[PDB]
Q: 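Provided herewith is a single structure, encoded as structure tokens, for subsequent inquiry.
In each ligand, atom 1 is the first atom listed, and ligand 1 is the first ligand listed. We number each residue from 1, following the sequence as shown. Just so you know, these numbers use all the heavy atoms, side chains as well, and skip hydrogens, waters and symmetry mates.
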Amino acid sequence: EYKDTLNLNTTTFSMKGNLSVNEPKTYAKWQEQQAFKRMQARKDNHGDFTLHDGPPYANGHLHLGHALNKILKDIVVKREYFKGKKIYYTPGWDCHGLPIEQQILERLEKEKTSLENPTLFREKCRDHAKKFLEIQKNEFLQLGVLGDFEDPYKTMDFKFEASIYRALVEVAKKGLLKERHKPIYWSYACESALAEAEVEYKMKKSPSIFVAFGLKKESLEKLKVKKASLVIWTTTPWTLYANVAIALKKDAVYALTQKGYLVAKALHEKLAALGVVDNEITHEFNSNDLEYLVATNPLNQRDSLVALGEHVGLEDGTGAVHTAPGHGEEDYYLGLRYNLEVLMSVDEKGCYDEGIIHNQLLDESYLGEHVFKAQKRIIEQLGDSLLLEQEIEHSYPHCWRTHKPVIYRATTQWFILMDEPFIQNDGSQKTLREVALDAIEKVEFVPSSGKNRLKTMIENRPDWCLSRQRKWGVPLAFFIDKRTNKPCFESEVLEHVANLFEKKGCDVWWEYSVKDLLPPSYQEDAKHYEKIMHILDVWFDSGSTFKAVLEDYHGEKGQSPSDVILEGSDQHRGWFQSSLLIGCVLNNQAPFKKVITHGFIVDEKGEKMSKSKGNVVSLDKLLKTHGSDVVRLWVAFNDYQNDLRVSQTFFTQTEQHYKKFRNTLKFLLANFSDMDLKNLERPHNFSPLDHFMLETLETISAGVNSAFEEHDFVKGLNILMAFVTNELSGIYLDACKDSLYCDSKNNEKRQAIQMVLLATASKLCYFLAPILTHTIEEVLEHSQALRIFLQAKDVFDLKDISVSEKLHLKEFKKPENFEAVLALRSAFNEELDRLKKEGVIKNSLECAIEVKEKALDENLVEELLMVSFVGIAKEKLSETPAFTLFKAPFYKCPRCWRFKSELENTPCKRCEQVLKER
Ligand SMILES: [Zn+2]
């Protein structure tokens, strides 16, 4: 055996990643050495790139969805860094979010206690946010992400609270912040108002009842019938107490049945089929003639006005709608239109209050009962007026914080108005809805489809309720002047308070007297002013991050508008929309130029992960099992715009891809490890195969770069993997192994191969660096030749190199064309496959080929087909229109194993010379 006379060609870079052990060391080093600050300080930075982090709640450990999000951000930011830009990426945390306060409250309830002191409760919430911000920060670093994690933004910083308040001041001074009284979403479970982003729709069972309201004697006399009762359909028996009207569709036909029921003619057939009313119609009336008749509520005997409603539908129900201004927004406006009572005797806890007694709306026995709990008894009380009871399922609004169903209560709250013209920064006049719709058209969405989701919501959304009733957050800190009963928006007052918040934070709103909160010049008038104590919607706070982070730091944490924001596609309903709206108030544009979205992490079945469902995979477990580089590759190598399913099969597949990349890098490093570095300084005579590989490398590099530019990491990785698998491994490394292992170290053709391998490794490192950063750091650590060739101490010194310049290639060189020779290779491999099956030969190297097409380069044919001889021999094995195959007319060389030896067990001519080398 001559095995030990070959070139060793080994590298210290290991085939095994040992990721669990090695990655923590890399990430710990990047922290100690301040790699992100070093990236920002890079002297040759050219151009700038800002990614503005949307703030996760400072509560709980990270889940897989957080890791997906931060990994994608990291790939995007690293790509821009390696392109040569100065990067701005300050991660941040939402410290005032409802989860923080809900968690504290649940703990106190679990501990059989409560905390009623505002300053101390706020302190406990801050302490909780501090704890989980640190935990999450360290968990994010364990993913190998780089950003300003040592100087994150935090909504609970006093400066940040002031920035939020100053954003609210801008809204107020532009005339868009106004008090309104109307029914809105009300969470009884947390005694607070809420808006759309705080609601989760869930299917819920409900009573579904048809109720007769008999017309009064005098109305029957006017209509000229003996009996008539309008039938209403409702899923909310709990609001029947607050009925003031029955609304009909204008200019529509109502049918009166033989038994005396009055319903829309258009719905009679359906209603009679349900058994709600009898089948025989006796009279038809126009709704215009029914308006101003009066009926009797069967629940409490009160009058109910027959009214005409705008757009009463005839698709469901009966065409007659029980109208309760206190509990329905459309109902409210109809009530006001007819100057009717707004009956609302349900308290902040969702219970009937003394109003039902005072106004005789409902029996005293209901006092203190929760509206949903009373419904069964209410339905029983309806007696013969209940024509049909069903149970249905419908999509119903739930308070996301408490998971409980919401109700609606007429209440006075603060709103940002959507359809109120305001003065634009350019002097024109537009509503916030108009500005937001204009703004969206100037934003790039990835996927494109995301634009339509947000646009539709902005087209449809109502005024935004800002005021909340809770124990933690930023106060809506304005004074009401008791002399005018209106808010004080005087600049000197607002700036005074904002300044106090900047220095001391918002605890002063609770602790200071009105006098102390006012400027010196108002203190005489302190007695006239009373604090608003409502808390701001935290969706407003987070929608203000652009102002608090990008604008208020004047560019030091990135530009406003940001270049990119990147979050879950559920943020169209959340942070994207709130940030859009606040940006449109302040700047009349979006505070972002581009939105990239990802889907959710789900189980192998595609279902969402829940503790209850038992299908939760912890991030900790995933990372320990596979390592961060594998998890990162799994993100990048998949369709992250849609849901990503966690299963063993998919992780196994990603592991196989990681292995192929790592094994290829190892082979390259091993095979240029012995090259004298003096080769870097000179041109080489490259072979046709060398040139084909370099030209291929250039073509695929352009393709990967294009795919990565459009955030299509799957497309780019498939290009890279095909190049690695097919042209590089399949063709180039197979052809070059004989030279690499068996040629003299002095051999010029070998040195030229090494230079190609060096260029190839260089491009692999550049394109993989955003994704497998730890692994490429490790590559460079193990390869002095790569560090010198790339002029890089470490991964942060990588740049997109010009292989042409680095290899001294000639500008006019005509590209190779390997179509003919590759077609011959394919045909030969097909033939060889068949012969192997027949047991005729075991290896291509056992063969000689005589090619019919004499145009082809014979050295190249030998390399690509891996035969031992090109030309005619004696023992024919097979023939085709293209070529004849024969047994090679030589012995197997004991050293290189090619059939090129004239004598048995004797080194071939090449090998003899290398063995004798002095
Ligand atoms: Zn040999």
Q: With sequence neighbours excluded, give me every salt bridge (charged side-chain N to carboxylate O under 4.0 Å, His left out) pair touching residues 700-713.
A: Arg79-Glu709, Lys83-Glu709
Q: Scan for salt bridge (charged side-chain N to carboxylate O under 4.0 Å, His left out) pairs involving residues 694-703, sequence neighbours excluded, and state none if there are none.
A: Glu695-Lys813
Q: With a cut-off of 2.8 Å, which protein N/O/S atoms are close to the Zn ion (ligand 1), if we only count those under it?
A: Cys893 SG, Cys896 SG, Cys908 SG, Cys911 SG
Q: Under 6.0 Å between ring centres, would you say that holds for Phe650 and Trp634?
A: no
Q: Thinking salt bridges, do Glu80 and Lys85 make one under a 4.0 Å N-O criterion?
A: yes
Q: Does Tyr640 have its ring centroid less than 6.0 Å away from the ring centroid of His598?
A: no
Q: Considering only distance and modelled atom types, tabulate donor-acceptor pairs under 3.5 Å from the side chains of residues 863-874, sequence neighbours left out.
A:
| unit_1 | atom_1 | unit_2 | atom_2 | d |
| --- | --- | --- | --- | --- |
| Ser868 | OG | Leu845 | O | 2.6 |
| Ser868 | OG | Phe899 | N | 2.9 |

